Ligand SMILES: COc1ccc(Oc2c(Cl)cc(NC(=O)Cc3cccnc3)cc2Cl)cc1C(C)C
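In structure tokens, one chain follows: the form solved without the named molecule.
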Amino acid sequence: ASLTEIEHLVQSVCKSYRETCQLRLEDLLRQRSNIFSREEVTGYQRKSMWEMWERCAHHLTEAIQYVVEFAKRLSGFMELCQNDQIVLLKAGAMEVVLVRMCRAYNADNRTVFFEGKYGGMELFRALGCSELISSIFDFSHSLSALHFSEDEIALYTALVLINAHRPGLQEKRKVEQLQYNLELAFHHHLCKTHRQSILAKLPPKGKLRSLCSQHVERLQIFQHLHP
């Protein structure tokens, strides 16, 4: 690539994220004062695990739909054979959703935006997997402390998805090329915005794999019996 072709890649990835970000950052920030009351929190905790599951499943499925639309607008993604488009999304979609969640999290009171208001992890008590929920909250708290910009999220999440080492890739070389060009873009933008410092602060890549694998294993247990 040439430097202006890289800048062009950046701009495009950043626009794709803006068009598929699902909740706009301005509206999340403005809602931080809109917090569940103790009686509303009690209402969630009284819900059966089954109802909580169904709600969580619906919001996850919505989120994944936006991630998929994002993938589709990354240049070169749609020219990949359908097998590899599926491999990459199967592996990385939930990982991207976990990263996107940091935008909806308030590290000042450890609350997340859920169904219209902010609430703590105790909102989710009826699922009975506090270990998992607290590690999700802990991961988002780790990310929020970086003060991730919109564009940083865009570029980082595209590299979450465009990863040549996922197994079953039928055109591993095409994916490498796209990953390479997105890495150049990412590192270039960090230089133009003076944010080189965040690279060494990003989650160990295995961190997201390992958290997503656990998260899916809970989802697995809920959406087998009773889809």
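One rule holds for the numbers: they count along the sequence shown, beginning at 1. Residues that one form lacks are left out of the comparison. What we label the rigid core is the largest C-alpha set whose atoms superpose within 1.5 Å from one form to the other.
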| query | finding |
| --- | --- |
| Mean temperature factor over C-alpha atoms, higher-scoring stretch between 82-90 and 150-158 | 82-90 |
| Entry-level comparison of average CA B-factors, 180-188 and 40-48, reporting the higher stretch | 40-48 |
| Where the record places residue 219 (Cα B-factor, split into thirds across the chain) | highest |
| Third assignment of residue 98 from its chain's C-alpha B-factors | lowest |
| Ranked against its chain, the third holding the CA B-factor of residue 54 | middle |
| Modelled-residue ranking by C-alpha temperature factor, third containing residue 138 | middle |
| Chain-wide C-alpha B factor ranking for residue 169, given as lowest, middle or highest third | highest |
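Another form, the form deposited with the named molecule bound, is not on view; read the next lines as being about it.
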property	result
Candidate spot 1, 164 and 175, all three touching the named molecule in the entry with it bound (heavy atom, 4.5 Å)	no
Close approach of residue 104 to the named molecule in the entry with it bound, 4.5 Å, heavy atom	yes
Non-hydrogen atom contact residue 11 with the named molecule in the entry with it bound at 4.5 angstroms	no
Residue 136 within 4.5 Å of the named molecule in the entry with it bound, heavy atoms	yes
Close approach of residue 32 to the named molecule in the entry with it bound, 4.5 Å, heavy atom	no
Partner-contacting position among 41, 56, 159, 169 - heavy atom within 4.5 Å of the named molecule in the entry with it bound	56
Residues from 1-29 in contact with the named molecule (non-hydrogen atom within 4.5 Å) in the entry with it bound	22, 23, 28
Residue 23 C-alpha moves between this form and the one not shown by 2 Å or more, core aligned	no
Core-referenced shifts between this form and the one not shown - contiguous stretches of at least three, CA at least 2 Å	219-227
